[PDB]
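The listed protein sequences correspond, in order, to chains A and B.
For the first sequence, the UniProt record's numbering assigns the number 7 to the initial residue and increments by one for each residue that follows.
For the second sequence, the UniProt record's numbering assigns the number 7 to the initial residue and increments by one for each residue that follows.
Every residue, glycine too, gets a C-beta built ideally from N, C-alpha and C.
Number of protein chains: 2
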Amino acid sequence: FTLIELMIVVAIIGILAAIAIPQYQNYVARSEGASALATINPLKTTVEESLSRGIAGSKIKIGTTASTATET
Amino acid sequence: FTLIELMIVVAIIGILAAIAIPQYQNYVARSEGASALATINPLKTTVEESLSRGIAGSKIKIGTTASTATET
């Protein structure tokens with residue numbers, strides 16, 4: 007081993023240790039909103055169906071408790 | 007390529023892989039019944055016509071075998 011190789015390696019290390027990094031927060035901030043609406047939009051179909059069929063409001067809830075001929 | 011971009015992509019993939027899916031069986035179950043009755047209701051007109059014209063029952067059948075002055 008010599009000093010030339012070691013110095014060249016040290017210089018190349020510092021050279022590589024200079025890559026810039028741009029922002030990456032707005033991407034996730036927008037992806038979260040693009041998914042929230044896509045997930046909570048389809049409920050309007052069920053709401054309109056329940057309001058136009060015959061049953062009144064209030065009884066319309068969320069979860070997984072089966073269904074019947076009165077509550078949705 | 008760096009690790010920041012890859013990790014952000016992996017995180018956005020998992021974020022997108024979270025959209026909920028509501029039920030979609032009652033819609034078809036109701037559409038089938040809404041079509042069955044709509045298809046098999048009009049036969050009452052022909053039944054009443056055949057019973058009020060003069061010909062008796064029994065001879066009233068279904069299919070596509072033409073018609074005459076006795077059978078419907």
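How is residue i classed by DSSP in three states: helix, strand or coil?
i: B:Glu55; result: helix
i: B:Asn32; result: helix
i: B:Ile27; result: coil
i: A:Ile10; result: helix
i: B:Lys50; result: helix
i: A:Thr76; result: coil
i: A:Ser41; result: helix
i: B:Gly20; result: helix
Compare the C-beta of residue i against all C-beta atoms of chain A and say whether one is closer than 7 Å.
i: B:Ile19; result: no
i: B:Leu9; result: no
i: B:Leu12; result: no
i: B:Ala26; result: yes
Should residue i be flagged as near chain B, meaning a C-beta pair shorter than 7 Å?
i: A:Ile68; result: no
i: A:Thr71; result: no
i: A:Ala42; result: no
i: A:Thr45; result: yes
Using a Cβ cut-off of 8 Å, pull out every chain C residue sitting near residue i, in sequence order please.
i: A:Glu38; result: No chain C is present in this structure, whose protein chains are A and B.
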